[PDB]
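**Q** First, the structure itself, so that you have it in front of you.
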2 protein chains.
Amino acid sequence: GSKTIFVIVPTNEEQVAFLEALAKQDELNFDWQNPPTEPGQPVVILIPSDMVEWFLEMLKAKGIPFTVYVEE
Amino acid sequence: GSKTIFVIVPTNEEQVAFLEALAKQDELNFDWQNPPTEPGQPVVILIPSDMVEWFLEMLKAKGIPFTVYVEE
């Protein structure tokens, strides 16, 4: 099992509100580890390889510091 | 930088208790994303590359189903 783990780290109300806002999107069907409410906290999200490009361009658009991980 | 993300998912009280127990170890200085109190849920633990062998062997000793991840 090689899944893509997306770890986002918000540093402002905009980043948090945005991360928590998208989290509501049930259409994503992602796997959230922790509730995106605390700013500066490393929010982990297990997403499929078929959604890595979307999240990548999504977070990159706003310029949010994230880190994509995968089963080494 | 490249951090060592250790994903441990308990399958019973044994694994859960062991995880929630080791988490108390302040000597570890790890980074827990979520409190491993629910069985079947993979907990994300951000540990250093200098403790990867420790955790890996630790989980292997009991035979807990985990998954190590690193910055691709």
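In the structure tokens, the first chain shown is A, the next is B, and so on; residue numbers restart at 1 for each chain, and ligands run from 1 in the order shown.
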Taking only C-alpha atoms into account, report as a PyMOL selection string which residues of chain A lie within 12 Å of chain B.
**A** chain A and resi 1-7+31-36+38+41-46+66-72
**Q** Can those selected residues be exported to a file as an mmCIF file, in the first residue's frame so that it contains N, CA, C and O atoms?
**A**
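Listed below is the output, selection38.cif:
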data_model
loop_
_atom_site.group_PDB
_atom_site.id
_atom_site.type_symbol
_atom_site.label_atom_id
_atom_site.label_comp_id
_atom_site.auth_asym_id
_atom_site.auth_seq_id
_atom_site.Cartn_x
_atom_site.Cartn_y
_atom_site.Cartn_z
ATOM 1 N N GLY A 1 0.806 -1.206 0.000
ATOM 2 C CA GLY A 1 0.000 0.000 0.000
ATOM 3 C C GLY A 1 0.842 1.261 0.000
ATOM 4 O O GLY A 1 1.491 1.582 0.995
ATOM 5 N N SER A 2 0.833 1.976 -1.121
ATOM 6 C CA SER A 2 1.606 3.205 -1.248
ATOM 7 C C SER A 2 0.687 4.413 -1.400
ATOM 8 O O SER A 2 0.337 4.807 -2.513
ATOM 9 N N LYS A 3 0.297 4.998 -0.272
ATOM 10 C CA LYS A 3 -0.581 6.161 -0.276
ATOM 11 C C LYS A 3 0.221 7.450 -0.135
ATOM 12 O O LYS A 3 1.364 7.436 0.325
ATOM 13 N N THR A 4 -0.383 8.566 -0.532
ATOM 14 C CA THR A 4 0.276 9.863 -0.448
ATOM 15 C C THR A 4 -0.214 10.653 0.760
ATOM 16 O O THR A 4 -1.388 11.017 0.840
ATOM 17 N N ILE A 5 0.690 10.913 1.697
ATOM 18 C CA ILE A 5 0.348 11.662 2.900
ATOM 19 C C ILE A 5 0.684 13.141 2.742
ATOM 20 O O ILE A 5 1.848 13.512 2.596
ATOM 21 N N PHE A 6 -0.345 13.981 2.773
ATOM 22 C CA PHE A 6 -0.160 15.421 2.633
ATOM 23 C C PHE A 6 -0.197 16.109 3.995
ATOM 24 O O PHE A 6 -1.222 16.108 4.676
ATOM 25 N N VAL A 7 0.931 16.695 4.387
ATOM 26 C CA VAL A 7 1.028 17.387 5.666
ATOM 27 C C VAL A 7 1.109 18.897 5.470
ATOM 28 O O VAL A 7 2.117 19.418 4.992
ATOM 29 N N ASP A 31 -8.509 11.513 4.193
ATOM 30 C CA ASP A 31 -8.364 10.973 5.540
ATOM 31 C C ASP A 31 -7.623 11.956 6.442
ATOM 32 O O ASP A 31 -6.392 11.992 6.459
ATOM 33 N N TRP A 32 -8.380 12.751 7.189
ATOM 34 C CA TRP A 32 -7.794 13.735 8.093
ATOM 35 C C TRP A 32 -7.360 13.082 9.401
ATOM 36 O O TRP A 32 -8.079 12.254 9.959
ATOM 37 N N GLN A 33 -6.181 13.461 9.883
ATOM 38 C CA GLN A 33 -5.653 12.912 11.127
ATOM 39 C C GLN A 33 -6.052 13.777 12.318
ATOM 40 O O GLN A 33 -6.429 13.265 13.370
ATOM 41 N N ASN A 34 -5.964 15.092 12.143
ATOM 42 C CA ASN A 34 -6.315 16.028 13.205
ATOM 43 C C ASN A 34 -7.135 17.192 12.654
ATOM 44 O O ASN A 34 -7.019 17.568 11.488
ATOM 45 N N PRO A 35 -7.982 17.777 13.513
ATOM 46 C CA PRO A 35 -8.837 18.907 13.136
ATOM 47 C C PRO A 35 -8.038 20.185 12.902
ATOM 48 O O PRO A 35 -7.374 20.705 13.799
ATOM 49 N N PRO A 36 -8.102 20.706 11.667
ATOM 50 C CA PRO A 36 -7.392 21.930 11.287
ATOM 51 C C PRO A 36 -7.981 23.172 11.947
ATOM 52 O O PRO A 36 -8.724 23.928 11.321
ATOM 53 N N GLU A 38 -5.995 24.560 15.092
ATOM 54 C CA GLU A 38 -4.842 25.174 15.741
ATOM 55 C C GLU A 38 -3.798 25.594 14.710
ATOM 56 O O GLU A 38 -3.235 24.770 13.988
ATOM 57 N N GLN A 41 0.062 24.094 13.666
ATOM 58 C CA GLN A 41 0.082 22.658 13.914
ATOM 59 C C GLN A 41 0.127 21.879 12.604
ATOM 60 O O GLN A 41 -0.577 22.191 11.643
ATOM 61 N N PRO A 42 0.974 20.841 12.561
ATOM 62 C CA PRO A 42 1.132 19.996 11.373
ATOM 63 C C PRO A 42 -0.096 19.130 11.111
ATOM 64 O O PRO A 42 -0.289 18.099 11.755
ATOM 65 N N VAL A 43 -0.923 19.557 10.162
ATOM 66 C CA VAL A 43 -2.132 18.819 9.813
ATOM 67 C C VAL A 43 -1.836 17.734 8.783
ATOM 68 O O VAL A 43 -1.431 18.025 7.658
ATOM 69 N N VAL A 44 -2.040 16.481 9.178
ATOM 70 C CA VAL A 44 -1.797 15.351 8.288
ATOM 71 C C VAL A 44 -3.073 14.939 7.563
ATOM 72 O O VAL A 44 -4.150 14.889 8.158
ATOM 73 N N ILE A 45 -2.944 14.644 6.273
ATOM 74 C CA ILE A 45 -4.087 14.234 5.466
ATOM 75 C C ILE A 45 -3.690 13.168 4.451
ATOM 76 O O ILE A 45 -2.932 13.436 3.517
ATOM 77 N N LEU A 46 -4.205 11.958 4.639
ATOM 78 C CA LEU A 46 -3.906 10.850 3.739
ATOM 79 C C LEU A 46 -4.796 10.899 2.501
ATOM 80 O O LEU A 46 -5.981 10.575 2.565
ATOM 81 N N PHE A 66 3.534 23.036 2.830
ATOM 82 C CA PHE A 66 3.117 21.661 3.072
ATOM 83 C C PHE A 66 4.234 20.682 2.720
ATOM 84 O O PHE A 66 5.284 21.077 2.212
ATOM 85 N N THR A 67 4.001 19.403 2.995
ATOM 86 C CA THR A 67 4.986 18.368 2.711
ATOM 87 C C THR A 67 4.312 17.064 2.298
ATOM 88 O O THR A 67 3.561 16.470 3.073
ATOM 89 N N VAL A 68 4.585 16.623 1.074
ATOM 90 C CA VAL A 68 4.005 15.388 0.561
ATOM 91 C C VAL A 68 4.904 14.193 0.859
ATOM 92 O O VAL A 68 6.091 14.200 0.533
ATOM 93 N N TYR A 69 4.330 13.169 1.480
ATOM 94 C CA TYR A 69 5.079 11.967 1.825
ATOM 95 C C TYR A 69 4.486 10.741 1.139
ATOM 96 O O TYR A 69 3.315 10.732 0.760
ATOM 97 N N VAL A 70 5.304 9.704 0.984
ATOM 98 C CA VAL A 70 4.861 8.470 0.346
ATOM 99 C C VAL A 70 5.631 7.268 0.882
ATOM 100 O O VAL A 70 6.774 7.395 1.317
ATOM 101 N N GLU A 71 4.994 6.101 0.847
ATOM 102 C CA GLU A 71 5.620 4.875 1.329
ATOM 103 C C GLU A 71 6.983 4.667 0.675
ATOM 104 O O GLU A 71 7.071 4.281 -0.489
ATOM 105 N N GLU A 72 8.044 4.926 1.435
ATOM 106 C CA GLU A 72 9.402 4.769 0.929
ATOM 107 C C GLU A 72 9.615 3.365 0.371
ATOM 108 O O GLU A 72 10.702 3.070 -0.123
#
**Q** Within 7 Å of residue 39 of chain A, counting only C-alpha atoms, which residues show up once you throw out same-chain ones fewer than 6 positions away? Write them as a PyMOL selection string, please.
**A** chain A and resi 10-12+16
**Q** For those residues, write N, CA and C atoms to a file as a short mmCIF file (atom, residue, chain, number, x, y, z; two decimals), in the first residue's frame.
**A**
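Contents of selection-v5.cif, freshly written:
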data_model
loop_
_atom_site.label_atom_id
_atom_site.label_comp_id
_atom_site.auth_asym_id
_atom_site.auth_seq_id
_atom_site.Cartn_x
_atom_site.Cartn_y
_atom_site.Cartn_z
N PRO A 10 -0.44 25.43 8.54
CA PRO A 10 -0.94 26.80 8.44
C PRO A 10 -0.21 27.75 9.39
N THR A 11 -0.05 29.00 8.97
CA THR A 11 0.63 30.00 9.78
C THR A 11 -0.17 31.29 9.84
N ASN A 12 -1.49 31.18 9.68
CA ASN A 12 -2.37 32.34 9.72
C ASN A 12 -3.83 31.91 9.62
N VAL A 16 -5.49 28.42 8.03
CA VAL A 16 -6.32 27.57 8.87
C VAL A 16 -7.75 27.52 8.35
#
**Q** Running DSSP on the backbone, which parts of segment 26-57 of chain A land in strand (DSSP E or B), as a list in words?
**A**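 DSSP on the backbone gives strand (DSSP E or B) at residues 31, 32, 43, 44, 45, 46 and 47 of chain A.
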**Q** If you run DSSP over the backbone, which residues in chain A end up helix (DSSP H, G or I)? Put them as a PyMOL selection string.
**A** chain A and resi 13-23+52-62
**Q** How about saving the chosen residues, N, CA, C and O atoms kept, as a PDB file, in the first residue's frame?
**A**
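Once written, selection.pdb looks like this:
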ATOM      1  N   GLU A  13      -4.733  32.811   9.994  1.00  0.00           N
ATOM      2  CA  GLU A  13      -6.162  32.528   9.948  1.00  0.00           C
ATOM      3  C   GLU A  13      -6.588  32.105   8.546  1.00  0.00           C
ATOM      4  O   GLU A  13      -7.477  31.270   8.381  1.00  0.00           O
ATOM      5  N   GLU A  14      -5.948  32.690   7.538  1.00  0.00           N
ATOM      6  CA  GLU A  14      -6.262  32.373   6.149  1.00  0.00           C
ATOM      7  C   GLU A  14      -5.951  30.911   5.839  1.00  0.00           C
ATOM      8  O   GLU A  14      -6.770  30.204   5.254  1.00  0.00           O
ATOM      9  N   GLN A  15      -4.763  30.469   6.236  1.00  0.00           N
ATOM     10  CA  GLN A  15      -4.344  29.092   6.001  1.00  0.00           C
ATOM     11  C   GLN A  15      -5.230  28.114   6.765  1.00  0.00           C
ATOM     12  O   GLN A  15      -5.672  27.104   6.219  1.00  0.00           O
ATOM     13  N   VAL A  16      -5.485  28.422   8.033  1.00  0.00           N
ATOM     14  CA  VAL A  16      -6.320  27.571   8.873  1.00  0.00           C
ATOM     15  C   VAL A  16      -7.750  27.517   8.349  1.00  0.00           C
ATOM     16  O   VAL A  16      -8.296  26.439   8.116  1.00  0.00           O
ATOM     17  N   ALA A  17      -8.354  28.687   8.169  1.00  0.00           N
ATOM     18  CA  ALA A  17      -9.721  28.773   7.671  1.00  0.00           C
ATOM     19  C   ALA A  17      -9.864  28.058   6.331  1.00  0.00           C
ATOM     20  O   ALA A  17     -10.876  27.410   6.067  1.00  0.00           O
ATOM     21  N   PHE A  18      -8.843  28.181   5.489  1.00  0.00           N
ATOM     22  CA  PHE A  18      -8.856  27.549   4.175  1.00  0.00           C
ATOM     23  C   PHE A  18      -8.754  26.032   4.301  1.00  0.00           C
ATOM     24  O   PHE A  18      -9.510  25.292   3.670  1.00  0.00           O
ATOM     25  N   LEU A  19      -7.814  25.574   5.121  1.00  0.00           N
ATOM     26  CA  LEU A  19      -7.610  24.145   5.331  1.00  0.00           C
ATOM     27  C   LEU A  19      -8.842  23.507   5.965  1.00  0.00           C
ATOM     28  O   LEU A  19      -9.282  22.436   5.550  1.00  0.00           O
ATOM     29  N   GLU A  20      -9.395  24.175   6.973  1.00  0.00           N
ATOM     30  CA  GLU A  20     -10.578  23.675   7.663  1.00  0.00           C
ATOM     31  C   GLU A  20     -11.810  23.766   6.768  1.00  0.00           C
ATOM     32  O   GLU A  20     -12.727  22.950   6.869  1.00  0.00           O
ATOM     33  N   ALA A  21     -11.825  24.766   5.893  1.00  0.00           N
ATOM     34  CA  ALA A  21     -12.944  24.964   4.978  1.00  0.00           C
ATOM     35  C   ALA A  21     -13.035  23.826   3.968  1.00  0.00           C
ATOM     36  O   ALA A  21     -14.103  23.246   3.766  1.00  0.00           O
ATOM     37  N   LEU A  22     -11.911  23.513   3.334  1.00  0.00           N
ATOM     38  CA  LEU A  22     -11.864  22.444   2.342  1.00  0.00           C
ATOM     39  C   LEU A  22     -12.140  21.089   2.988  1.00  0.00           C
ATOM     40  O   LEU A  22     -12.692  20.190   2.354  1.00  0.00           O
ATOM     41  N   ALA A  23     -11.754  20.953   4.252  1.00  0.00           N
ATOM     42  CA  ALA A  23     -11.964  19.711   4.985  1.00  0.00           C
ATOM     43  C   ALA A  23     -13.431  19.297   4.956  1.00  0.00           C
ATOM     44  O   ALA A  23     -13.754  18.111   5.004  1.00  0.00           O
ATOM     45  N   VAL A  52      -3.271  13.923  -5.540  1.00  0.00           N
ATOM     46  CA  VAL A  52      -2.054  14.609  -5.127  1.00  0.00           C
ATOM     47  C   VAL A  52      -1.829  15.873  -5.948  1.00  0.00           C
ATOM     48  O   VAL A  52      -1.379  16.892  -5.425  1.00  0.00           O
ATOM     49  N   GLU A  53      -2.145  15.800  -7.237  1.00  0.00           N
ATOM     50  CA  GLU A  53      -1.978  16.940  -8.131  1.00  0.00           C
ATOM     51  C   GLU A  53      -2.947  18.061  -7.771  1.00  0.00           C
ATOM     52  O   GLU A  53      -2.586  19.238  -7.789  1.00  0.00           O
ATOM     53  N   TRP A  54      -4.178  17.688  -7.441  1.00  0.00           N
ATOM     54  CA  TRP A  54      -5.201  18.662  -7.077  1.00  0.00           C
ATOM     55  C   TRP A  54      -4.806  19.417  -5.812  1.00  0.00           C
ATOM     56  O   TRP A  54      -4.810  20.647  -5.786  1.00  0.00           O
ATOM     57  N   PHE A  55      -4.467  18.672  -4.765  1.00  0.00           N
ATOM     58  CA  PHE A  55      -4.071  19.272  -3.497  1.00  0.00           C
ATOM     59  C   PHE A  55      -2.789  20.084  -3.655  1.00  0.00           C
ATOM     60  O   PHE A  55      -2.638  21.151  -3.058  1.00  0.00           O
ATOM     61  N   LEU A  56      -1.868  19.572  -4.464  1.00  0.00           N
ATOM     62  CA  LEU A  56      -0.597  20.248  -4.702  1.00  0.00           C
ATOM     63  C   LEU A  56      -0.823  21.642  -5.279  1.00  0.00           C
ATOM     64  O   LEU A  56      -0.331  22.633  -4.742  1.00  0.00           O
ATOM     65  N   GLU A  57      -1.571  21.708  -6.377  1.00  0.00           N
ATOM     66  CA  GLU A  57      -1.861  22.982  -7.026  1.00  0.00           C
ATOM     67  C   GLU A  57      -2.778  23.838  -6.157  1.00  0.00           C
ATOM     68  O   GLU A  57      -2.737  25.067  -6.218  1.00  0.00           O
ATOM     69  N   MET A  58      -3.603  23.181  -5.350  1.00  0.00           N
ATOM     70  CA  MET A  58      -4.529  23.882  -4.468  1.00  0.00           C
ATOM     71  C   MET A  58      -3.776  24.636  -3.378  1.00  0.00           C
ATOM     72  O   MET A  58      -3.972  25.838  -3.192  1.00  0.00           O
ATOM     73  N   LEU A  59      -2.915  23.924  -2.660  1.00  0.00           N
ATOM     74  CA  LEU A  59      -2.132  24.528  -1.587  1.00  0.00           C
ATOM     75  C   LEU A  59      -1.097  25.499  -2.146  1.00  0.00           C
ATOM     76  O   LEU A  59      -0.822  26.541  -1.552  1.00  0.00           O
ATOM     77  N   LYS A  60      -0.527  25.151  -3.296  1.00  0.00           N
ATOM     78  CA  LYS A  60       0.474  25.992  -3.939  1.00  0.00           C
ATOM     79  C   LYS A  60      -0.132  27.320  -4.379  1.00  0.00           C
ATOM     80  O   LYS A  60       0.527  28.358  -4.339  1.00  0.00           O
ATOM     81  N   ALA A  61      -1.394  27.280  -4.796  1.00  0.00           N
ATOM     82  CA  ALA A  61      -2.090  28.482  -5.240  1.00  0.00           C
ATOM     83  C   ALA A  61      -2.093  29.548  -4.150  1.00  0.00           C
ATOM     84  O   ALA A  61      -1.816  30.719  -4.413  1.00  0.00           O
ATOM     85  N   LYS A  62      -2.406  29.137  -2.927  1.00  0.00           N
ATOM     86  CA  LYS A  62      -2.444  30.057  -1.796  1.00  0.00           C
ATOM     87  C   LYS A  62      -1.048  30.264  -1.215  1.00  0.00           C
ATOM     88  O   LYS A  62      -0.807  31.220  -0.481  1.00  0.00           O
TER      89      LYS A  62
END
**Q** Between atom CA of residue 37 of chain A and atom CA of residue 27 of chain B, what is the distance in Å, rounded to a tenth?
**A**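 Separation between atom CA of residue 37 of chain A and atom CA of residue 27 of chain B: 27.7 Å.
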**Q** So the first atom is atom CA of residue 30 of chain A and the second is atom CA of residue 51 of chain B; what is the distance between them in Å, to one decimal place?
**A** 28.9 Å
**Q** To one decimal place, how far is atom CA of residue 24 of chain A from atom CA of residue 64 of chain A in Å?
**A** 18.3 Å
